[PDB]
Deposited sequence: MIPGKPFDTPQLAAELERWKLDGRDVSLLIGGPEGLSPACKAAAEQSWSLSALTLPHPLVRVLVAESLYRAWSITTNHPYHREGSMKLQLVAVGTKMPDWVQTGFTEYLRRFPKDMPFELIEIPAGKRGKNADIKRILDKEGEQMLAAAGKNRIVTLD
């Protein structure tokens, strides 16, 4: 049971107004993956929680393209399968990505090995009729996938 709710931007702004009114300098401390030392927690005037922070949805396709690149890059070829070689297609609604990643993602993709049979395809995101939006996004996703094996990530 937590004595507080996740901050709004206006609620956070109101918290900042209280700090400005007070006027004393403020330090907000964030540790590594394992959190903070005892000494940090003991010295705090206020202990806040990052447990409601989530992955922004535009980064889902970024994390997934990285996962796929990392996994492909340790697969071993099959010098016995004259297959129609398998091609992998990431089809994602292209919700707008933060500034700090939007262009790094593009250069990150362009550094994928040429030998990697991967393409990323980004569907225009509908302008938010939720149901007709999803039908139209799905129409294009299915056009791209064609006769492929379809895996959804929901």
{"query": "Coordinate gaps, deposited numbering", "finding": "129-132"}
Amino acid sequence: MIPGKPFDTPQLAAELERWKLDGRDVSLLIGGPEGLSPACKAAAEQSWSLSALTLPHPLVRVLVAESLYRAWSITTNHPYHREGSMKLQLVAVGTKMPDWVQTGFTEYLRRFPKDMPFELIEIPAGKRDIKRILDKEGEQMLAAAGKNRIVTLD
From here on, numbers count along this sequence of modelled residues.
query: Stretch exceeding the other in mean C-alpha B-factor - 93-101, 42-50; finding: 93-101
query: 82-90 versus 55-63 - which carries the larger mean C-alpha B factor in the record; finding: 82-90
query: Top residue by Cα temperature factor, when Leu120, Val26, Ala125, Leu29 are compared in the entry; finding: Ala125
query: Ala145, C-alpha B-factor rank within chain (lowest, middle or highest third); finding: lowest
query: Chain thirds of CA B-factor: placement of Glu139; finding: middle
query: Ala14 - Cα temperature factor, lowest/middle/highest third of chain; finding: lowest
